[PDB]
**Student:** 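Quick one: the structure is below, questions incoming.
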Amino acid sequence: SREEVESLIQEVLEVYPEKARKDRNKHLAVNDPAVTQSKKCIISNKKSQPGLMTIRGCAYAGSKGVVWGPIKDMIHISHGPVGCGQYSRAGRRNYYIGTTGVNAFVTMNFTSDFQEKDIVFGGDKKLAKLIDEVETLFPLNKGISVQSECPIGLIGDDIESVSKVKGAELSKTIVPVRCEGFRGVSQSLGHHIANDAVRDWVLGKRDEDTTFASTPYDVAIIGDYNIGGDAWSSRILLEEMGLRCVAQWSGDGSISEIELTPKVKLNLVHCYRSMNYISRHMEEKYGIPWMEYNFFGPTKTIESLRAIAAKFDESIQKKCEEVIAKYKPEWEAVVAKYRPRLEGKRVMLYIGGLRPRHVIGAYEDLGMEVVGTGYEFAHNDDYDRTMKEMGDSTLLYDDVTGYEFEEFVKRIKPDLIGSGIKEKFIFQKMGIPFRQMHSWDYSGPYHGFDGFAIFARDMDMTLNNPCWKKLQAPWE
Amino acid sequence: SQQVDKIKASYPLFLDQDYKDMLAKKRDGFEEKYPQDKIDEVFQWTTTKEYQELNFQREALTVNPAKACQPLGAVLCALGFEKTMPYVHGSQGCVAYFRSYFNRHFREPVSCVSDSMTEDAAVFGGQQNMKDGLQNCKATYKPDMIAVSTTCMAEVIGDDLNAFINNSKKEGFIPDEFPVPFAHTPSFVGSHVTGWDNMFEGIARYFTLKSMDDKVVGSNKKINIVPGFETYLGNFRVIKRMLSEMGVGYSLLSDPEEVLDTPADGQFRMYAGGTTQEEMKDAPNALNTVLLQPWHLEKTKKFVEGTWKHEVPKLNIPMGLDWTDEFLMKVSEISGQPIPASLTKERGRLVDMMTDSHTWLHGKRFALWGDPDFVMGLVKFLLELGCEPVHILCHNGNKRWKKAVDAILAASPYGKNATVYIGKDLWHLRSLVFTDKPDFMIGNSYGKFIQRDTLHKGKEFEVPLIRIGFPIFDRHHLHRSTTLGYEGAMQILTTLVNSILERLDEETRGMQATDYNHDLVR
Amino acid sequence: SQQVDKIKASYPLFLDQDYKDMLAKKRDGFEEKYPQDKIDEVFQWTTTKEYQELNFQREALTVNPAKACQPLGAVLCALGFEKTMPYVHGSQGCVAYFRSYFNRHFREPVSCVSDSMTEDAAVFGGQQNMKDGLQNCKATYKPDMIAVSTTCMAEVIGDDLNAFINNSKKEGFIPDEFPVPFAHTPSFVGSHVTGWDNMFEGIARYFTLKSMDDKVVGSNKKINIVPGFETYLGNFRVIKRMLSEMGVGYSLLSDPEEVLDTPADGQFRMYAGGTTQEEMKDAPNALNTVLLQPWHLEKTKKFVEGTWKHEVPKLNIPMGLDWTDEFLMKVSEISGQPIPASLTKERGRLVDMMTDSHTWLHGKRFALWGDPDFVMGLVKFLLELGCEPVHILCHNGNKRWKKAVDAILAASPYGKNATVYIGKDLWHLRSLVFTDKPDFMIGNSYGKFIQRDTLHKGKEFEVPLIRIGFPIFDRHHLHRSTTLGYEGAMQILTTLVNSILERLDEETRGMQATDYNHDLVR
Amino acid sequence: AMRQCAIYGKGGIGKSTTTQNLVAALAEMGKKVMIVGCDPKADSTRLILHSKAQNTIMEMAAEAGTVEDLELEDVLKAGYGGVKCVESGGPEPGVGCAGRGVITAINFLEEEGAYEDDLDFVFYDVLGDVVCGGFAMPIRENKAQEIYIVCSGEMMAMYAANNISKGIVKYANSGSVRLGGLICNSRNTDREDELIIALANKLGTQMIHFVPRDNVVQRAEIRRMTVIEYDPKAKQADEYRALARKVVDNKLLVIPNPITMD
Ligand SMILES: Nc1ncnc2c1ncn2[C@@H]1O[C@H](COP(=O)(O)OP(=O)(O)CP(=O)(O)O)[C@@H](O)[C@H]1O
Ligand code: ICS
Ligand code: CLF
Ligand code: CLF
Ligand SMILES: [Fe+2]
Ligand SMILES: [Fe+2]
Ligand SMILES: [Mg+2]
């Protein structure tokens with residue numbers, strides 16, 4: 001099979017002009033779980049070949065859509081022309097509790113809506129005026145971010161200045177973010193620019209303050225954006241285990257939770273890719289350790305609960321073994337009901353920067369196999385973590401093209417694909433069961449013990465649906 | 001906790017006592033949240049006349065707009081031609097957004113490429129990206145044609161599409177006869193409907209500009225139809241059905257109906273149907289050219305009147321009775337075909353429906369929004385029904401369009417309480433439906449947020465959303481509907497009178513309180 | 001009181017304090033009404049399992065039936081023939097009701113006569129009324145044909161229609177050649193669908209019984225189609241459109257689509273379209289005869305198999321994906337025509353809609369009722385969608401049909417929690433939705449009182465009514481819909497999935513409680 | 001019928017002066033000429049219109065709301081000799097984007113039909129450092145077809161002529177845009193005319209004319225006039241007529257060959 005897959009790679013690549021061929025060849029590999037240096041087997045985080053229908057987004061999506069947008073009691077201005085902000089309005093299901101338009105603003109679209117005069121004369125005057133109207137119409141907002149779209153970075157508008165000046169005049173945190181869409185090669189650099197801005201403009205507001213009451217059980221959840229309520233389903237496990245979650249970044253997140261994060265004892269990092277930046281910084285500046293965890297499926301979650309509880313005293317460990325004993329009959333019954341329906345099934349995945357490796361555990365817990373996986377924008381340290389999680393002679397792809405992914409699936413013939421909205425309808429038409437693995441197909445949560453139940457039910461409902469036997473007309 | 005026999009998703013799961021208790025602690029401990037008391041007072045204030053006055057003083061801030069940017073329209077335009085790949089010269093973030101946006105509305109695959117201009121292509125120009133990109137696209141996805149538009153960044157820096165493409169061809173990245181029409185589509189001008197106008201004009205100029213010498217108007221005996229930015233599959237289909245039904249030879253220029261509705265039969269089709277290259281080349285030979293949505297086809301009209309020399313008729317969008325009538329007489333006048341008995345009967349069946357439902361529609365008050373022609377067509381029909389439009393919003397509208405719509409309104413007793421707004425967004429509209437409450441809203445999915453807000457004030461202030469327009473993301477398969485012609489008018493009438501009856505039943509479903517008016521027969 | 005600028009009809013007028021008070025005094029002073037305490041207690045009791053046991057022991061009492069009687073079906077059948085006057089021999093009260101019932105469902109004029117048998121005609125027979133009535137009807141309303149059915153009283157006293165009509169002819173009240181087919185249609189046997197079977201068999205017998213000598217099967221190369229009791233205009237049309245699409249020569253026997261949808265153009269057309277007398281005379285020359293609703297066209301089937309000698313195919317109602325398929329292949333085998341590409345693509349578009357909506361349809365539980373063939377078609381499609389029928393009721397159903405449906409249920413994992421009920425009414429079903437709550441009801445208008453009941457118990461117990469069936473009196477123009485074939489299945493798919501999304505939005509519209517799951521994109 | 005020309009050259013070389021003095025002579029010869037200024041400082045028509053021409057295109061659009069609301073009547077004025085003047089406008093130094101302002105203005109003139117009166121010549125006056133695509137708007141297809149590059153005998157001016165010629169090539173190869181010649185605006189350097197002829201030869205073009213350094217030019221400029229209007233009899237005034245006559249009779253339109261500095 002190892003040689004067969006290698007052959008599949010060389011055949012697919014035959015369609016490309018030579019420049020695109022030599023490059024796309026570097027981003028497709030046959031896995032070795034033994035390899036611990038992914039640089040040797042694959043390269044990632046490079047620019048997309050023009051005209052090949054990458055599924056990648058931009059820096060602004062990475063910053064506004066992902067890191068900043070969820071923070072519920074700030075107002076996030078899409079600064080520039082009207083498109084960006086409009087295609088991302090309530091597209092990502094980062095759940096929050098609040099009174100929208102009053103004290104919370106997540107599903108709303110705020111923009112400066114650039115016209116031609118604003119391009120040519122620049123928009124600092126409009127931006128300033130914009131912040132005054134905001135503070136008038138939404139007086140309970142607890143801060144404002146300015147998310148630059150492509151042209152703000154070209155023309156050289158001085159949004160840092162406008163943020164220092166207006167912020168002083170109003171005693172309001174205003175965070176200028178240069179997440180120009182042409183920066184970087186994908187969503188990834190947007191995470192980074194988003195983390196540096198949190199660092200520079202928010203994270204230090206309470207460095208001198210010592211009023212907050214801290215315990216040896218304080219933790220923060222870093223890098224969970226609460227898709228369908230994933231974070232709320234994780235948080236409950238941590239607290240039943242006796243830990244206290246001061247912060248969640250950034251799903252259901254408040255600006256005060258972010259400012260209080262420096263007071264925690266341990267940082268719990270779910271999405272490594274998007275927030276490892278601020279986590280290293282908080283270890284360097286405040287002495288806070290951080291650790292990666294996985295709450296996808298019972299095995300990973302049980303293993304993660306034990307690993308985290310081991311960072312504290314024996315009381316927390318005792319409570320760990322309690323939480324486990326409580327949900328054991330619940331995840332075992334889920335297994336007994338749904339695994340017989342899913343055993344032996346093969347799935348191919350393609351997602352952004354975390355889930356392509358992270359969810360492999362949950363699939364195995366239902367007896368399914370991951371035969372192929374890849375990322376839109378991981379770095380080599382993600383693929384370092386990935387290869388031991390995949391089986392030997394499985395296919396790995398990075399910034400896969402619409403064409404490549406189409407052809408890989410034709411040969412490999414998986415029973416299920418888990419990918420994004422742009423992929424969805426291609427593969428349904430092919431008669432291949434498909435689950436959205438960004439949005440969870442408007443379902444979820446999938447994190448933790450409660451999510452796994454919804455996870456099992458969704459994978460079975462779809463894969464075993466009666467519609468999949470109907471694609472060929474009886475007469476042809 | 002989960003009962004394995006009845007698994008709960010996020011709703012209603014997070015209503016369990018343990019989650020609720022946990023969320024209470026999150027809020028109290030770390031959220032530093034304003035007291036409910038204050039939130040309720042702020043909320044109430046935003047529903048007042050005083051907040052509206054401030055809200056309507058805005059000059060720089062836009063909140064919840066009701067429009068998107070130009071290349072979205074270009075892409076939709078390009079999709080309407082045979083084996084054509086939309087190609088957006090500029091940043092790839094945009095394309096990911098355009099596809100997702102149309103994926104969600106159409107529940108279909110949406111094919112489109114970028115040439116992935118990064119930071120160095122920002123400062124050096126995208127000449128190389130255009131070379132490698134056209135070559136890579138042609139080789140990999142094998143279109144017959146590539147239709148090129150631009151993101152906002154390629155427009156700031158003035159990337160010369162014409163030159164970049166000609167050098168690509170001159171240097172052997174793509175063959176010289178391989179058709180590559182283009183249109184500058186700057187996002188900071190107009191809106192997505194303007195992008196459709198610009199893209200169509202590039203393609204039409206591409207196929208007909210050189211060779212006007214051998215063209216004779218009227219020589220192919222057919223009528224050109226240009227639909228404009230259109231997202232109801234039924235709308236393409238109904239125009240085609242009424243022309244075929246009359247015996248009119250016609251040519252639909254930009255026809256995405258097939259490619260946006262491919263069958264699930266075991267294979268993925270990146271391309272299907274659409275306007276052929278030969279149809280475009282032959283277009284100047286048509287009797288005349290009819291523009292379905294003239295208020296965003298102004299650039300197309302000048303080229304077609306100026307280069308093709310067609311006496312493009314002054315027709316409103318064919319929505320509702322008068323303007324469908326008017327469309328049919330003018331198509332009859334241009335082509336020589338009389339109006340067949342079958343269309344005439346259909347007209348009288350829509351009239352029959354209006355007569356049957358008039359007592360429930362009469363005097364009903366609506367707020368509505370959408371694109372310029374859609375809105376004015378919808379306004380004209382609401383007046384023909386005895387309804388009262390109250391708030392008419394068109395964010396991408398202009399002063400001339402506003403003048404036309406104010407004239408239609410004033411020509412009818414039913415328009416006396418209506419005001420038209422251009423440049424105003426859904427946050428403005430939200431104030432209007434609190435201060436001057438209509439019975440219903442007619443707009444796209446974004447209006448569900450208004451309905452949620454009006455309900456929070458109170459069940460007696462709730463203004464229900466009627467979903468007609470684009471995009472509709474929270475209902476399934478409404479994109480198969482029709483809004484044009486008699487067929488569209490029947491569907492809209494039925495959607496409206498039954499929203500009215502559905503709401504009335506809800507208000508009369510209370511046992512021994514309101515159900516004395518819970519009638520079996522309406 | 002009334003505000004001249006905002007006049008209130010009964011709702012909400014009587015919610016004014018003075019009416020509210022006046023009603024409070026009426027009750028207390030003079031109604032001798034049971035205390036609210038007891039009313040609430042009895043109500044709760046009617047929602048329980050114990051009441052259900054009592055409710056399902058009924059032997060004599062019927063409450064809220066879900067059927068009508070034979071002559072209504074007979075009248076609908078006759079209406080489908082060219083210039084034909086439905087004529088019900090018996091009491092005129094019956095006719096005033098039949099027309100009204102159809103007026104309200106179709107929102108059209110409905111023409112039908114009585115011969116007004118009074119107390120003396122009860123005891124002397126209806127011979128004289130039949131002579132004068134035919135003469136009077138023929139002269140005043142001038143039909144080409146008069147189709148005679150009966151009220152219950154004419155059935156009790158044994159009025160011999162055959163004899164009375166011939167003596168009418170022998171005595172010159174109507175000309176001997178003037179077509180007057182008849183059918184005995186007793187209301188105390190079966191129901192309105194049995195009445196249609198009886199009427200159609202009488203007309204068919206009338207036009208072809210004498211002259212079987214000169215008929216040859218297959219000689220006109222056409223396929224006969226018999227629709228049965230059908231009240232969706234669109235259903236006649238989709239069958240006509242699909243056969244035409246295949247190039248199959250066809251003859252639809254009993255076709256009221258035209259007369260039930262005349263245009264409002266300035267004149268009343270008592271008659272329009274319909275099956276011609278020549279089509280009926282020629283029917284035995286067809287290749288074969290297809291019955292669209294076999295479970296109530298059993299009498300017709302025996303006549304056509306016995307006398308015309310057509311080998312009538314064993315076909316289910318063509319609803320949903322499998323049985324539409326099955327129907328199209330059989331029409332193909334009989335006529336020799338292949339299944340055209342346009343239909344193959346229509347099928348793949350329905351499949352595509354099923355793949356697109358399946359995550360929301362999955363596991364949904366339904367109570368439903370209606371006529372025998374409609375119900376089973378609806379059950380078969382729900383299983384194709386991955387839904388769970390739970391309560392399947394068919395009041396005019398029979399034991400063989402009940403068996404047919406239980407077998408279908410058993411052929412799918414999704415039928416394991418369903419029970420089929422025959423002989424049981426809407427007061428029985430009401431208990432079913434309180435004791436074993438499904439997510440929705442699929443039925444006719446009579447179901448709105450059930451929804452009213454479930455809500456009075458609690459918003460969490462409310463079971464919403466999805467209106468598909470007959471009669472629909474409280475929405476407008478639903479009778480233009482389609483339920484057969486791929487087109488029918490698409491309309492039904494879209495209504496079900498959007499009823500699910502509409503209800504979910506309602507359950508998640510609560511500001512800062514449930515609206516965390518009020519998603520823009522579903 | 002209509003000839004469109006674009007004037008380029010090193011910053012500070014005399015483009016706007018040379019362009020306006022030429023057009024003055026051209027109008028005095030009886031030609032119908034439009035000048036299109038493509039510089040945010042909007043000085044390109046300042047000598048054809050005495051004192052003011054207040055209204056730049058971008059200015060009027062910013063005030064009127066959008067360019068689409070703006071009518072041709074508002075920005076196009078006539079000065080000395082019936083010469084038509086329009087200015088792009090743009091931001092003050094250090095803010096906004098002057099390049100996009102040029103794209104918008106040129107696009108406005110096209111959409112409004114500014115080119116189709118009965119015009120003999122259109123002149124685009126462009127600023128010195130051509131930093132972006134916006135400022136090559138005048139030399140796209142269906143815009144200028146002739147380019148004249150203003151230079152002088154000093155090292156820096158010639159170096160610039162060559163770099164502008166490279167920028168032209170991509171527009172010249174893929175289009176009909178051609179280099180018409182080099183105009184030498186003297187700085188009184190030794191054997192300067194011969195030197196510019198040599199440079200022109202290596203490029204593949206000619207030197208259409210040698211324009212002497214004469215302070216009447218600056219003296220007329222201080223009066224907000226062309227030399228043609230300020231002093232018709234002066235020697236410099238006859239120079240612009242000679243340059244004017246030659247541009248009318250020029251047939252030499254080449255794709256230039258840029259040289260390597262050695
Ligand atoms: N032949 C000549 N003799 C003397 N002085 C001259 C001259 N030609 C131009 N000048 C002077 O040199 C200065 C520059 O002229 P001009 O403004 O036309 O240059 P330019 O347009 O190349 C500068 P920019 O690139 O910034 O637009 C002016 O003061 C002008 O009067
Ligand atoms: S943030 Fe990232 S693409 Fe870590 S940009 Fe993306 S809500 Fe994905 S694989 Mo959409 S690095 Fe989150 C992600 Fe993963 S938006 Fe969500 S699903 S765990
Ligand atoms: S990478 Fe925006 S969608 Fe574009 S054409 Fe400009 S308005 Fe329209 Fe990212 S930041 Fe945004 S989405 Fe692109 S433009 Fe850049
Ligand atoms: S005058 Fe007689 S009391 Fe009056 S409405 Fe007529 S029957 Fe009844 Fe008829 S409608 Fe059908 S056929 Fe009998 S059951 Fe009833
Ligand atoms: Fe689809
Ligand atoms: Fe009617
Ligand atoms: Mg100058």
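Each chain gets a letter, A, B and so on, in the order its sequence line appears, and its residues count up from 1. Whatever order the structure lists them in is the order used to number ligands and atoms, beginning at 1. Heavy-atom basis, side chains included; hydrogens, waters and symmetry copies ignored.
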**Student:** Quick test: of every protein heavy atom, which one is nearest to atom 1 (S) of ligand 4, and how far off is it to 0.1 Å?
**Tutor:**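 Ranking protein heavy atoms by distance from atom 1 (S) of ligand 4, first comes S91(C) CB, 3.4 Å.
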**Student:** Please work out, at 4.0 Å between heavy atoms, whether the side chain, the backbone, both, or neither of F188(C) comes within that distance of ligand 4.
**Tutor:**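 It is neither; nothing of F188(C) touches ligand 4.
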**Student:** Among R273(A), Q187(A), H191(A), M437(A), whose heavy atom sits nearest atom 2 (Fe) of ligand 2?
**Tutor:**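 Checking each option, the heavy atom nearest atom 2 (Fe) of ligand 2 is found in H191(A).
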**Student:** Among protein heavy atoms, which sits nearest to atom 14 (S) of ligand 4, and what does the distance come to when rounded to 0.1 Å?
**Tutor:**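 Protein heavy atom at minimum distance: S187(C) OG, 3.2 Å.
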**Student:** Please assess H191(A) against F377(A) for the test ring-ring contact (aromatic ring centres under 6.0 Å, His included), listing each intermediate value before the final yes or no.
**Tutor:** CA-CA 11 Å; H191(A) 298 160; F377(A) 52 68; 5.8 Å; yes
**Student:** For atom 8 (Fe) of ligand 4, what's the nearest protein heavy-atom neighbour? Residue, atom name and distance, please.
**Tutor:**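 So the nearest neighbour among protein heavy atoms is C94(C) SG, 4.8 Å.
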**Student:** Assert yes or no for the condition that the ring centre distance of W440(A) to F296(A) is strictly below 6.0 Å.
**Tutor:**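 Yes - the distance between ring centres of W440(A) and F296(A) falls below the 6.0 Å cut-off.
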**Student:** For atom 4 (Fe) of ligand 4, grab the closest protein heavy atom and report residue, atom and distance to one decimal in Å.
**Tutor:**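 For atom 4 (Fe) of ligand 4, the nearest protein heavy atom comes out as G93(C) CA, 4.3 Å.
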**Student:** Can you list the ligand 4 atoms lying under 4.0 Å from a non-hydrogen atom of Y97(C)?
**Tutor:**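 Near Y97(C), meaning under 4.0 Å from one of its heavy atoms, ligand 4 has 5 (S).
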**Student:** Near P71(C), which atoms of ligand 4 are under 4.0 Å from a heavy atom of that residue?
**Tutor:**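 Matching atoms, with element in brackets: 12 (S).
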**Student:** Centre-to-centre under 6.0 Å for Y225(A) and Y96(A), is that the case here?
**Tutor:**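 They do not qualify: ring centres at least 6.0 Å apart.
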**Student:** Between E292(A) and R385(A), does at least one N-O distance fall below 4.0 Å, as a salt bridge requires?
**Tutor:**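 A salt bridge links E292(A) with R385(A).
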**Student:** Among all protein heavy atoms in this structure, tell me which lies nearest to atom 11 (Fe) of ligand 4, with the distance rounded to 0.1 Å.
**Tutor:**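 Ranked first by proximity to atom 11 (Fe) of ligand 4 is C69(C) SG, 2.5 Å.
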**Student:** To the nearest 0.5 Å, how far apart are CG in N45(A) and CZ in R273(A)?
**Tutor:**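 These two atoms lie 7.5 Å from each other.
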**Student:** In terms of residue, atom name and distance, what is the protein heavy atom nearest to atom 13 (Fe) of ligand 4?
**Tutor:**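 Protein heavy atom at minimum distance: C152(C) SG, 2.7 Å.
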**Student:** Taking only non-hydrogen atoms of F377(A), do any sit less than 4.0 angstrom from ligand 2?
**Tutor:**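 For ligand 2, residue contact (heavy atoms, under 4.0 Å) with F377(A) is present.
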**Student:** Do me a favour and list the nearest non-hydrogen protein atom to atom 15 (S) of ligand 2 with residue, atom name and distance?
**Tutor:**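 Answer, as residue, atom name and distance: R92(A) NE, 3.4 Å.
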**Student:** Run the salt-bridge test on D425(C) and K67(C) with the 4.0 Å N-O cut-off and return the result as yes or no.
**Tutor:**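 Salt bridge absent between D425(C) and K67(C).
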